[PDB]
Amino acid sequence: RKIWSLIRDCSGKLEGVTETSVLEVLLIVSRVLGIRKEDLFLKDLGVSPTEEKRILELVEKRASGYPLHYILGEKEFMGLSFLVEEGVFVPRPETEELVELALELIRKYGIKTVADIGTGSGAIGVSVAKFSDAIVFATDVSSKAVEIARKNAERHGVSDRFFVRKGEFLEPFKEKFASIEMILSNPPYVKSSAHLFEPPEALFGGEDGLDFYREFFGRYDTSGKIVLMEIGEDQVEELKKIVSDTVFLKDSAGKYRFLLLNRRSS
Ligand SMILES: C[S@@+](CC[C@H](N)C(=O)[O-])C[C@H]1O[C@@H](n2cnc3c(N)ncnc32)[C@H](O)[C@@H]1O
């Protein structure tokens, strides 16, 4: 019954999973009660028997390791509320930095047409679309991805400017390749031997982590375009062997996190 007593008991159950256990419980409780984080303030109570059990289930669920954000059915990325669920990779905060680089690149060059390969939750393409006049073409090998991205776009009023199709790389948009000014991706960059609550396709790029990159730069002619993709810490020197002329950016941590091929001409 006692709501805040409950919240303490659960915090402890998540100490080996998260440093911020209390916040996770507050979130879970809020969700289960179908309420806003910020209304959790009455200084007393507010939870019924069946609600109590549900919360305990979900704390159990999370206790094992199951990502928090599958349970919430939601994730903030760029201060926008993105839907997620099993089968969709959950946005990481580092990818924000990528979207912010992409947006300045747009302003600088007045870019109007942008692609997002492996859109996932739609988190990069929708953001770029939401915070600029660009239109975005997005792909993903996964059907869940594409349903979810279409919903997220629609959920942020950019359905008129964010188009998503199932397929690999830009095969479903051969018709638009010409016009694409900027290709964006947070692809799978993890080794096969760096070993999931999230889709395997989303994480790994073979025993190297580079399987995506090799295919991309082999298959596609990037002349006249700009490429900008997130990358694993370690792969800078090997990536320089896949593509030359490429630039590589440090992130907030001061670790290389993005490759940047600018082939946009004057
Ligand atoms: C690392 S997750 C990133 C999701 C999203 N870009 C983000 O950062 O939030 C990679 C995503 O790419 C998709 N994917 C992997 N390889 C792909 C490929 N060759 N073509 C299109 N999509 C791909 C997966 O479906 C997955 O959702």
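Looking at the method and resolution fields of the entry, one finds X-ray crystallography and 2.80 Å.

The PDB entry annotates the protein as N5-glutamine methyltransferase, HemK originating from Thermotoga maritima. Per the PDB header, the title for this entry is "Crystal structure of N5-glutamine methyltransferase, HemK(EC 2.1.1.-) (TM0488) from Thermotoga maritima at 2.80 A resolution". The annotation that UniProt attaches to the protein under Catalytic activity is "L-glutaminyl-[peptide chain release factor] + S-adenosyl-L-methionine = N(5)-methyl-L-glutaminyl-[peptide chain release factor] + S-adenosyl-L-homocysteine + H(+)". As stated in UniProt under Subunit, the record for the protein gives "Monomer and homodimer."

### Points about the site of the ligand
Neighbouring the ligand are 21 residues, the closest being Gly118, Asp140, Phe169, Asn186 and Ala202. Here a nitrogen atom of the ligand and a backbone polar atom of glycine 118 are 3.0 Å apart. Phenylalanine 169 places a main-chain nitrogen or oxygen 3.0 Å from a nitrogen atom of the ligand. Summarising the interface, the protein chains cover 95% of the accessible area of the ligand, which totals 600 Å² for the free molecule. Of all elements in the fold, only α6 (123-130), β4 (135-140) and α8 (200-203) reach the threshold of two or more residues within the shell around the ligand. Grouping the constituent residues of the shell around the ligand by class yields 11 nonpolar, 7 polar and 3 charged.

### What to know about the pattern of salt bridges
For the structure shown, the criterion picks out 16 salt bridges. A salt bridge links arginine 36 to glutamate 38; its shortest N-O distance comes to 3.0 Å. Close ionic contact of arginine 92 with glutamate 198 constitutes a salt bridge, the shortest N to O distance being 3.0 Å. Classification of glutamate 198 as buried rests on a relative accessible area of 9%.

### A few points about the UniProt feature "binding site: S-adenosyl-L-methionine" in the protein
Residues annotated by UniProt as "binding site: S-adenosyl-L-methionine" correspond here to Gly118, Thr119, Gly120, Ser121, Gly122, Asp140, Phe169 and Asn186. Relative to the assigned elements, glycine 118 resides in the loop between β3 (113-117) and α6. Setting aside its immediate chain neighbours within four residues, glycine 118 contacts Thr139, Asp140 and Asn186. As for its position among the elements, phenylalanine 169 is in the loop between β5 (162-166) and β6 (182-185). The residues touching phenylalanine 169, leaving out its near neighbours within four places in the chain, are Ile117, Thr139, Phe212, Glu215, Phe216, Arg219 and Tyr220.

### A word on unusual backbone geometry
Despite not being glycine, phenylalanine 169 shows a phi value in the positive range, around 50 degrees. Even without being a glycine, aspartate 245 presents a positive backbone phi close to 80 degrees. Among the structural elements, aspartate 245 can be located in the loop between α10 (236-242) and β8 (247-250).

### Focus: the environment of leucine 26
Along the chain, the position of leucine 26 falls in helix α2 (residues 21-33). Separated by 45 residues in the primary sequence, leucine 26 and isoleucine 71 place their C-alpha atoms 13 Å from one another. Ignoring sequence-local partners within four residues, the contact set of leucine 26 consists of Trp4, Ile7 and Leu40.

### Remarks on the packing of helix α1 (residues 3-13) against helix α3 (residues 49-64)
Axis separation between α1 and α3 bottoms out at 10 Å; the angle between their running directions is 15 degrees. What the angle tells us is that α1 and α3 run roughly parallel. In this structure, α1 crosses over α3, and the sense of that crossing is right-handed. Across from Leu6, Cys10 and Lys13 in α1, the residues of α3 making contact are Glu52, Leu56, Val59 and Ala63. The residue inventory of the contact of α1 with α3, partitioned by class, reads 5 nonpolar, no polar and 2 charged.

### Re α6
With 7 of its 8 residues buried, α6 lies for the most part within the structure. If you check which residues of α6 are buried, you get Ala123, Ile124, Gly125, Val126, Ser127, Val128 and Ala129.

### A word on the UniProt feature "binding site: substrate" in the protein
With numbering aligned to this structure, UniProt lists the feature "binding site: substrate" at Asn186, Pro187, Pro188 and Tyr189. Note that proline 188 resides in the loop between β6 and α8. If near-sequence neighbours (up to four positions away) are discounted, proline 188 is found in contact with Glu201, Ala202, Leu203, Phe204, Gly205, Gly209 and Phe212. By secondary structure assignment, the location of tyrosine 189 is in the loop between β6 and α8. Among the residues examined, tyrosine 189 registers a relative accessible area of 18% and is labelled buried. Apart from residues no more than four positions distant in its own chain, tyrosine 189 is found in contact with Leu203, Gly209, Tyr213, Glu230, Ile231, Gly232, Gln235 and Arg257.

The rules behind these values
Residues numbered from 1 in each chain as written, not as in the entry; some residues may be left out. Heavy atoms only, no water. Residues with missing side-chain atoms left out of burial classes, pairs and counts. UniProt positions renumbered as here; feature names shortened; annotations may be inferred. Near = heavy atom within 4 Å. Polar contact = N/O pair within 3.5 Å; in protein donor to acceptor, adjacent residues only side chain to side chain. Areas by Shrake-Rupley, 256 points an atom, 1.4 Å probe, with all protein chains shown as cover. Helix = DSSP H or I, 4+ residues; strand = E, 2+ residues; numbered from the N terminus. Nonpolar A, V, L, I, M, F, W, Y, C, P; charged D, E, K, R; others polar. Salt bridge = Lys/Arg side-chain N within 4 Å of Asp/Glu carboxyl O. Buried < 20%, exposed > 50% of the residue type's maximum accessible area, 1.4 Å probe, protein only. Contact = heavy atoms within 4.5 Å. Axes fitted to C-alpha atoms, helices over the stretch in contact; angles between N-to-C directions. Parallel < 35°, antiparallel > 145°, perpendicular 65-115°, else oblique. Left-handed = near helix turned anticlockwise from the far one by under 90°.

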